[PDB]
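Chemist: Structure in C-alpha cells, see below.
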Amino acid sequence: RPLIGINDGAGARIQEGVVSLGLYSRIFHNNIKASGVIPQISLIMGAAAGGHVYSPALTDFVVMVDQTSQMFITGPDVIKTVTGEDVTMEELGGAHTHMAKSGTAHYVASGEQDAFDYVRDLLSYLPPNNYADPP
Amino acid sequence: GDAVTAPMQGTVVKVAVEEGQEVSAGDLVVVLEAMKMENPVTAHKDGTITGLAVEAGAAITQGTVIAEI
Amino acid sequence: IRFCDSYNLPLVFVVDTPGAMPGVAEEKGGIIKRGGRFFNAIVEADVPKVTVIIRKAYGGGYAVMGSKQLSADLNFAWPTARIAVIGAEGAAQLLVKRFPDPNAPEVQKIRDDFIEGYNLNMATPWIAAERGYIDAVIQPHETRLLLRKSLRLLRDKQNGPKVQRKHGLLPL
Amino acid sequence: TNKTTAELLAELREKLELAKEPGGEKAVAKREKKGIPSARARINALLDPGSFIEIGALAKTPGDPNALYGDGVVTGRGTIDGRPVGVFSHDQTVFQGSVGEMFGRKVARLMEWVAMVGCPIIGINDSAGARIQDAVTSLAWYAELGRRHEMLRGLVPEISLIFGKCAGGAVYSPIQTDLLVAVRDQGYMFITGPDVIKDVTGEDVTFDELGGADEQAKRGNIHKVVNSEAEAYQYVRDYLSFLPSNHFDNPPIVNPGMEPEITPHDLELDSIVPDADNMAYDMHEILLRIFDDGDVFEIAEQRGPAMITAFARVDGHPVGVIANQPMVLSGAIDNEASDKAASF
Amino acid sequence: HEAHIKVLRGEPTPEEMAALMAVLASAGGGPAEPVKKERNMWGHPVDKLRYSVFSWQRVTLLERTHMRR
Amino acid sequence: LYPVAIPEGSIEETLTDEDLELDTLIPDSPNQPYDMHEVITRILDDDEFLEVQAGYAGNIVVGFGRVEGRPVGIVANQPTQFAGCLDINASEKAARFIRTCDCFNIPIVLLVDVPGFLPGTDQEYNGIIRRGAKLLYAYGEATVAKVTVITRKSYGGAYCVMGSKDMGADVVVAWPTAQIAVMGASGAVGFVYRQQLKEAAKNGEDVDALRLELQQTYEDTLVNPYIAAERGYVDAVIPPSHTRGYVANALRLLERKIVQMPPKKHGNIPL
Ligand SMILES: CCC/C=C/C=C/C/C=C/CCCCCCCCCC(=O)SCCNC(=O)CCNC(=O)[C@H](O)C(C)(C)COP(=O)(O)OP(=O)(O)OC[C@H]1O[C@@H](n2cnc3c(N)ncnc32)[C@H](O)[C@@H]1OP(=O)(O)O
Ligand SMILES: CCC(=O)SCCNC(=O)CCNC(=O)[C@H](O)C(C)(C)COP(=O)(O)OP(=O)(O)OC[C@H]1O[C@@H](n2cnc3c(N)ncnc32)[C@H](O)[C@@H]1OP(=O)(O)O
Ligand SMILES: *C(=O)CCCC[C@@H]1SC[C@@H]2NC(=O)N[C@@H]21
C-alpha cells in the first residue's frame, strides 16, 4: 500500500547517541527496499534538517509548502563558519530553491490544504503497488 | 593551469616553499587549516615556485592563487 | 493454524491465558515439543495475523498467542490486558522462596503489598504499549470494526523475505 | 587532551582482555569452584584451533551503568573440520547468563549471519533464564530469537548442546533445532522447576525424574546423551561429517570405492538370520555389513529403541538408514519409533 | 427473500407511484449484460517483476496469481 | 579467482610486517590527514590497486584489487582532499562504482574516514540532497558482500551513507582511532549544554574555558568506537593490522549471499 511521510524535524536527536544514526540507516534501507514496490510520497511541512532530507530524496514524490518548509543537510551556521556565506534558511533550503535550482521538489503548494489536494491527485493516478491493476 | 590555488577558504598555518624553489609534481606547497583539517595543497606539476602569494597566519579565500609554478 | 495457512484464511487470536500448564504429567505428555510445534506453526503461517489481548497474557502464553515478536501483523489490547513474564502470584512466590518462613506473620503482609504493586505497575498493558510490543490499547467496543479495518488493510499481505526450499522442519 | 594512536591501541588491547572475563575474579571464582569451563573455552574446544572470530565482544546493555561486556553470551564464527560454522555459547558469569537485549540482538545477528552464509549453527546452552531486573525484556527477546529459526529450519543444520539446566523459556529455542546433545547429570531440560511444581500441584519430583538427560532421551526430547563435553563435541563433529553445509550444497564424500568385490563380510550375511521365526537378533549385525564400513552413526538410540535411525555411507555418499530392531519389543513400531522415524 | 424498495413517509397516488418508479428505472444505468469477463493473462504485471531464484513470492504471488480462478 | 597460498592459523598468528605497518599509520593528531592509498595498498594483494576515475572527485578513491585472489572493489574516503567530506561528485562517482561492482558480483570494501558532507550553498543549489542519496540507494541495493572498515571519522549522515550496519554491511570493523558520533563535539556541546552556557554567560564566567571543558568531557565520553560497538553497530574493534584478516574471512564466507529484495521491475534511484 502507498506510504505517505509528512516530514518536519531538526534531524537526529543529539542527546540520544549513535542510536539515532542506526534508526536513520534502517529508515533509509526501508525506503530503498520499497523503492519501486509501493508509491512513496513525502510531504515537507517544516524545516527538515540533516538525516531527515535523504528519506524524502529516496521517496518517489516530494511535495513542499511554498515558504513554510525547508530542506538542508548542513545548517546556515555551519555554512557561515566554514565558507563565510551568509544565507537565510529560506534561501538555503526553501521550496522555491528546491524547485527552481535543486530540482528536488515535485510540487510547491501554496498551503497545507493545497499540498494535501496535490497528494490526493497524485495518488489518484497511481496503483497501490507494482502488481495491482490501476484505477 | 599555471596556478596553485587554494581549494577552500582556510587559515595558512604552513607555507612549504620558497620563491624560486624548483618543485616536483605532488610536492607540498602549503598547509591550510580548514574544516578542522590541516589540508596539504601540492604542486600539480613539475615547475618553479614563482609569484608566491601567501604568508603564515593569514586567512585566505577559496580560489586565491598561492604560487605560479 | 497450519490448515488455515494452507487455505489462506486470515488468523485472529483472542488471548487470555497464563501460558503453558505446569505439571509432571504435562511434562511427560510432550508439552515442550507440542508447544514448539505451536510456536512453529504461528511463525510459519503466511496469512494475515491479527491479535487482540483480553486480560491475562503471561509468558509463553503471550509469545505463542500471536505476539508481534512471532510475526503477528497488528496487535491490540483491551485495557484489562496484563502482559508479563509471570503472574503476580508467581512472582510473589518466587520472592518468598527467599527468607522462606511462610508461617511468619509479616511475610503474608509483604506478599499482598508486592502483589498490589506488581498488578499496578508490571502486569499491565502499559509497558508493552510504551515499548511498542503492542500497537494499540483500545476500548473493547472498538474491536469489531477495528478488525474489519485491519484485515482490509492486510487483505493483500505478502510475507517475506523467505527462502523457498523443500519444506520447513518442525519439532517431531 | 587527545591520546596518541599508540595509547588508543593499548587501551583497545586492555579492554579486549578485560572483555574476555567480564565478570572478573568474583565470578571466575564461583565458575571454577563449580568446575565448569568458560563460555569461550567451550567454543575454543569445539572449534578448530584459532578459527574463532568473535562478534560483539564489547556489546553492553544500553544506558545501564551496571552492564558488563558481552551481555551474557559469546557469539561468532569459525570452522569445524575446515568447514564454516556459526556458534554461540551462554556465559553464566554475566547476569547469570540471563537473556538481555544485547544477548538477543547478538544471537539474532548470528542466526541471520548463518542464514545468509548458509552454514551450520551450534548453540552451547547452559543457562538463559529471564533477567530478574528486566524480565519483560527477556520475554520479548525469547520471541525475537525464536522467530529467526524461520530463516534456519530446513535451510541449515542446527545443533544444541545442553550443558546445564535449560529451564523455562530456554527450552523452546533448543527444541526447534535438529540435534540436541546433553551431558549426563549436567544437562537438564524442563519448563517448570520442581519447586513451582511442588507448590502449585503438590507432587514431589527430583530434577532427574523431571527432566534429566536420560529421561528426556527416552522421552525423545534429546537426541544424544554423553558423559562429557568433549564427547559432545566429538559427536557434533561426527554428525556434521555426514551432512552438507545447507539445503543446497553437497555432503563430503568419504572413502569412496572401497571393497568393490564380494567379501567374506558379505558372505557372512547368508547365514546371519536365525532359522526360526520366533527368534530375535541384533539388527546391527546386518547394518555393520551392508554399508561401506562400521561407521553406522546412530541418532536417538534411546528414543523408541525398537527403531534404528542412523547415518551410513554407500560408495562414500552418506545415507539415512531406518531399520527395525528385532532385539527390542520384537521390532514392533511403537509411538516413539513412529515419531522418531517420521522426524528423521 | 428479496430486498424491496421502500417508501417511508406519505403515500403517493398511483400516478405519483408510476412517475417515481419510472424515473428510478430510467436511472438504472449499467452494462445491460453483467457477467464474468473474459480472462486474458497476457503481459500481466506479475510476469514483469524480477524474482530471486529462491524468492517465496514465486509461490505466493506469481504462481497464485496465475493459478487462481 | 586466482589461487593463493593462504596461510593457516588465527588472524593474529598470521600477521605480516606489512600488516604491522598499519598499527602506526594513523597520525596522533586528528587534524593531520593521511593518504588512504597507504591503507588500500597494504590490505590489497601485491599492493596491486587498479584505481578507477582517479582524476575526478579526489575526495573519494575507488577501484579494484584482490584480497587472497578474490577481486574486490575498494571505496575509501581520502582525508587529503576536502578533508574527506562527501560532495556531489564523490557521491555520484562512488554510487556508479558500487552499482557496477554489484552488477558483476564483485564484493565491495569501504574504508571510512568522513567528517560529514561538504558545506556550501552551491552544494545545495546543485542538489546534494538528491545526488548524495544516489550513494545511499546504491549501497543499500548492493547485494554482493559489503565490508566496512572505519578508520577515524564516521559522523552524522555520512556514517549512514558510508555503509552503516543497518544499511546491511555484512561485517563492520573499527580501528581504535575511529570516531563515531552524531556530530563533532564542538557542535554537540554547543547544543546539549546550550542551557549551561546560558547560565554561565549570565554569570559572566569564562564561557570559553567552560566550552573547552565540556567539549573535552564530551570527546572523552562519546567520540570513540565503543559507543557503536556497545550498540553492536561495530561487529569488532580491532588492531589495524587485523584488517586484512577480517576482510579475507568475510569475503571468503560471503561468496554466495542468500539475500533477496522485494520483487520489482526495477528500482527508482534518484537521478
Ligand atoms: C518455511 C519455514 C518456516 C519455519 C519456521 C518455524 C520456526 C519458528 C519457531 C519459533 C520459536 C518461538 C520461541 C518462543 C520462546 C518462549 C517464550 C519465553 C517466555 C516464557 O515463556 S518464561 C521465561 C523464563 N523464566 C520464567 O518463566 C520465570 C519463572 N520461573 C520458572 O518457571 C522455573 O521455576 C525456573 C526453573 C525457570 C526458575 O528457576 P530459578 O528459580 O532461576 O533457580 P534456583 O533458585 O534454583 O537458583 C538460581 C537462583 O537462586 C539463586 N541461587 C541458588 N543457588 C545458588 C548458588 N549455588 N550460587 C549462587 N546463586 C544461587 C540465584 O541468585 C538465582 O536467582 P534467579 O531466581 O535465577 O534470579
Ligand atoms: C544526522 C545528524 C544531524 O543531522 S545533526 C542535526 C543537528 N541540528 C541542529 O543542531 C538544529 C539546531 N537548530 C534548530 O533548532 C533546527 O535546525 C531547526 C530546524 C532550524 C528548528 O529551529 P527552531 O524552530 O528555531 O527551533 P529552536 O532552535 O528554537 O529549538 C527548539 C527546540 O528543539 C530542540 N531541538 C532542535 N533540534 C534538536 C536536535 N537535533 N536534537 C535535540 N533537540 C533538538 C531544541 O533543543 C529546543 O528544545 P527546547 O524547546 O528549547 O526545549
Ligand atoms: C568545526 O569547527 C565545525 C565546522 C566544520 C563542520 C564539519 S565540515 C565537514 C562536515 N560536514 C558538516 O556538516 N560538519 C562537518
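Residue numbering restarts at 1 for every chain of the C-alpha cells, chains are lettered A, B, ... in their displayed order, and ligands are numbered from 1 as they appear.
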So that I can check the surroundings of residue 23 (chain D), please list as a ChimeraX atom specification every protein, DNA and RNA residue that reaches within 7 Å of it, counting only C-alpha atoms and ignoring chain neighbours fewer than 5 positions away.
Modeler: /D:28,93-94
Chemist: Can you spit out the residues from that selection as a compact mmCIF listing (two decimals), in the first residue's frame, using N, CA, C and O atoms?
Modeler:
```txt
# COMPACT_ATOMS: atom_id res chain seq x y z
N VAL D 28 34.67 -15.52 38.18
CA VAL D 28 35.60 -16.60 37.87
C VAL D 28 35.72 -17.56 39.04
O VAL D 28 35.77 -18.78 38.86
N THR D 93 28.51 -16.36 33.84
CA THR D 93 29.17 -15.41 34.72
C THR D 93 28.59 -14.00 34.64
O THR D 93 28.77 -13.23 35.59
N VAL D 94 27.91 -13.64 33.56
CA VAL D 94 27.34 -12.30 33.41
C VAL D 94 25.83 -12.40 33.54
O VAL D 94 25.17 -13.07 32.74
```
Chemist: Around ligand 3, at most 10 Å away and counting only C-alpha atoms and all ligand atoms, which residues are there? Put them as a compact mmCIF listing (two decimals) with N, CA and C atoms, in the first residue's frame, please.
Modeler:
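And here is the file that came out, part17.txt:
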```
# COMPACT_ATOMS: atom_id res chain seq x y z
N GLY A 50 19.37 17.75 8.14
CA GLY A 50 20.24 16.59 8.27
C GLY A 50 19.63 15.31 7.73
N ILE A 73 20.94 19.85 4.31
CA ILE A 73 21.80 18.94 5.06
C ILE A 73 22.54 19.67 6.16
N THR A 74 23.25 20.73 5.80
CA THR A 74 24.10 21.49 6.71
C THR A 74 23.44 22.84 6.97
N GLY A 75 23.30 23.21 8.24
CA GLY A 75 22.65 24.44 8.58
C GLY A 75 23.43 25.70 8.23
N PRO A 76 22.70 26.81 8.12
CA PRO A 76 23.35 28.10 7.83
C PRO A 76 24.51 28.44 8.75
N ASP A 77 24.43 28.11 10.04
CA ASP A 77 25.52 28.47 10.94
C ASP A 77 26.81 27.73 10.60
N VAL A 78 26.70 26.48 10.18
CA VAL A 78 27.88 25.73 9.77
C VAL A 78 28.39 26.22 8.42
N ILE A 79 27.48 26.53 7.50
CA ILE A 79 27.91 27.09 6.22
C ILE A 79 28.62 28.43 6.42
N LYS A 80 28.08 29.29 7.29
CA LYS A 80 28.76 30.54 7.64
C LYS A 80 30.14 30.29 8.24
N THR A 81 30.24 29.35 9.17
CA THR A 81 31.52 29.06 9.81
C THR A 81 32.56 28.58 8.81
N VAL A 82 32.19 27.65 7.93
CA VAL A 82 33.17 27.05 7.03
C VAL A 82 33.45 27.93 5.82
N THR A 83 32.42 28.49 5.20
CA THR A 83 32.57 29.16 3.91
C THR A 83 32.36 30.67 3.98
N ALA B 34 41.59 24.11 7.46
CA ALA B 34 40.20 24.31 7.06
C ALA B 34 39.37 23.08 7.40
N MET B 35 38.11 23.31 7.78
CA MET B 35 37.21 22.23 8.20
C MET B 35 37.78 21.37 9.33
N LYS B 36 38.66 21.96 10.15
CA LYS B 36 39.45 21.24 11.15
C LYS B 36 40.28 20.11 10.53
N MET B 37 40.88 20.39 9.38
CA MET B 37 41.88 19.54 8.76
C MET B 37 43.03 20.43 8.30
N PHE F 82 39.51 17.80 0.39
CA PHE F 82 38.35 18.37 1.07
C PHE F 82 38.12 17.74 2.45
N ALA F 83 39.21 17.43 3.14
CA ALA F 83 39.17 16.77 4.44
C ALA F 83 38.41 15.45 4.42
N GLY F 84 38.21 14.86 3.24
CA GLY F 84 37.41 13.66 3.12
C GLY F 84 35.92 13.84 3.14
N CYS F 85 35.42 15.08 3.10
CA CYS F 85 33.98 15.27 3.08
C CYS F 85 33.39 14.63 1.83
N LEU F 86 32.18 14.10 1.97
CA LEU F 86 31.39 13.73 0.80
C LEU F 86 30.81 14.96 0.13
N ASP F 87 30.86 14.97 -1.20
CA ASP F 87 30.21 16.00 -2.00
C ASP F 87 29.48 15.34 -3.16
N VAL F 114 35.24 9.97 7.13
CA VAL F 114 34.44 11.06 6.60
C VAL F 114 33.92 11.92 7.75
N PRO F 115 34.18 13.23 7.77
CA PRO F 115 33.61 14.08 8.82
C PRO F 115 32.17 14.49 8.59
N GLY F 116 31.65 14.29 7.39
CA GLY F 116 30.30 14.65 7.03
C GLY F 116 30.23 15.07 5.58
N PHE F 117 29.17 15.78 5.23
CA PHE F 117 29.02 16.35 3.90
C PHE F 117 29.67 17.73 3.80
N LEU F 118 30.17 18.04 2.61
CA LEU F 118 30.88 19.29 2.37
C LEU F 118 29.93 20.48 2.48
N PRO F 119 30.16 21.43 3.39
CA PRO F 119 29.32 22.62 3.46
C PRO F 119 29.43 23.51 2.23
N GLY F 120 28.32 24.16 1.91
CA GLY F 120 28.29 25.22 0.92
C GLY F 120 26.91 25.36 0.31
N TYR F 155 30.78 10.33 10.86
CA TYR F 155 29.89 11.25 11.55
C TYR F 155 28.58 11.40 10.80
N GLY F 156 27.50 11.58 11.56
CA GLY F 156 26.25 12.10 11.03
C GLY F 156 25.67 11.29 9.90
N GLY F 157 25.06 11.99 8.94
CA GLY F 157 24.51 11.35 7.76
C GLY F 157 25.54 10.60 6.93
N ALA F 158 26.79 11.04 6.98
CA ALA F 158 27.84 10.33 6.25
C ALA F 158 28.18 8.99 6.88
N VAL F 182 27.20 11.57 16.35
CA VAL F 182 26.20 12.32 15.59
C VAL F 182 26.83 13.52 14.90
N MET F 183 27.67 14.26 15.61
CA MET F 183 28.36 15.40 15.03
C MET F 183 29.58 15.72 15.87
N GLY F 184 30.44 16.57 15.33
CA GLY F 184 31.62 16.98 16.06
C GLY F 184 31.29 17.58 17.41
N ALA F 185 32.16 17.28 18.38
CA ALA F 185 31.91 17.66 19.77
C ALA F 185 31.75 19.16 19.93
N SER F 186 32.44 19.95 19.12
CA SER F 186 32.27 21.40 19.15
C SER F 186 30.81 21.83 18.95
N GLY F 187 30.10 21.18 18.03
CA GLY F 187 28.68 21.46 17.85
C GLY F 187 27.78 20.76 18.84
```
Chemist: Write out as a PyMOL selection string each polymer residue (protein, DNA or RNA) that has an atom no more than 6 Å from ligand 1, with only C-alpha atoms and all ligand atoms counted.
Modeler: (chain C and resi 39-40+43-44+59-60+63+85+167-168) or (chain D and resi 129-130+132+139+142-143+146-147+149-150+153+167-169+172-173+192-193+196)
Chemist: Residue 104 (chain D): which residues within 8 Å, counting only C-alpha atoms, same-chain residues fewer than 4 positions away excluded, as a PyMOL selection string?
Modeler: chain D and resi 99-100+108+141-142+144-145
Chemist: Neighbouring residues of residue 14 (chain B) were defined as those with any atom within 6 Å, considering only C-alpha atoms; residues of the same chain fewer than 6 positions away were excluded. Please report them as a list in words.
Modeler: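 My reading of the contact set: residues 30, 31 and 56 of chain B.
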Chemist: For the residues in the current selection, export N, CA, C and O atoms as a CSV table (one decimal), in the first residue's frame.
Modeler:
```csv
chain,number,residue,atom,x,y,z
B,30,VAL,N,51.6,24.3,0.4
B,30,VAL,CA,51.1,24.9,1.6
B,30,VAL,C,50.3,24.0,2.5
B,30,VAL,O,49.9,22.9,2.0
B,31,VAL,N,50.1,24.3,3.7
B,31,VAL,CA,49.1,23.7,4.6
B,31,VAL,C,48.0,24.8,5.0
B,31,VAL,O,48.4,25.9,5.5
B,56,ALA,N,52.4,33.1,6.6
B,56,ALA,CA,51.8,32.3,7.7
B,56,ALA,C,50.9,33.2,8.5
B,56,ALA,O,51.1,34.4,8.7
```
Chemist: What's around residue 8 (chain A) at 8 Å? Count only C-alpha atoms, leave out sequence neighbours fewer than 5 positions away in its own chain, and write the answer as a PDB file with N, CA and C atoms, in the first residue's frame.
Modeler:
```
ATOM      1  N   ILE A  44       6.759  17.756   2.802  1.00  0.00           N
ATOM      2  CA  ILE A  44       7.670  18.522   3.641  1.00  0.00           C
ATOM      3  C   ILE A  44       6.932  19.756   4.126  1.00  0.00           C
ATOM      4  N   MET A  45       6.762  19.866   5.442  1.00  0.00           N
ATOM      5  CA  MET A  45       5.887  20.870   6.033  1.00  0.00           C
ATOM      6  C   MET A  45       6.579  21.587   7.186  1.00  0.00           C
ATOM      7  N   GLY A  46       7.900  21.597   7.173  1.00  0.00           N
ATOM      8  CA  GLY A  46       8.669  22.425   8.070  1.00  0.00           C
ATOM      9  C   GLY A  46      10.112  22.365   7.648  1.00  0.00           C
ATOM     10  N   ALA A  47      11.011  22.725   8.556  1.00  0.00           N
ATOM     11  CA  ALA A  47      12.430  22.580   8.261  1.00  0.00           C
ATOM     12  C   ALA A  47      12.835  21.134   8.510  1.00  0.00           C
ATOM     13  N   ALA A  48      13.139  20.413   7.436  1.00  0.00           N
ATOM     14  CA  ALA A  48      13.761  19.100   7.522  1.00  0.00           C
ATOM     15  C   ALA A  48      15.270  19.274   7.433  1.00  0.00           C
TER      16      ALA A  48
END
```
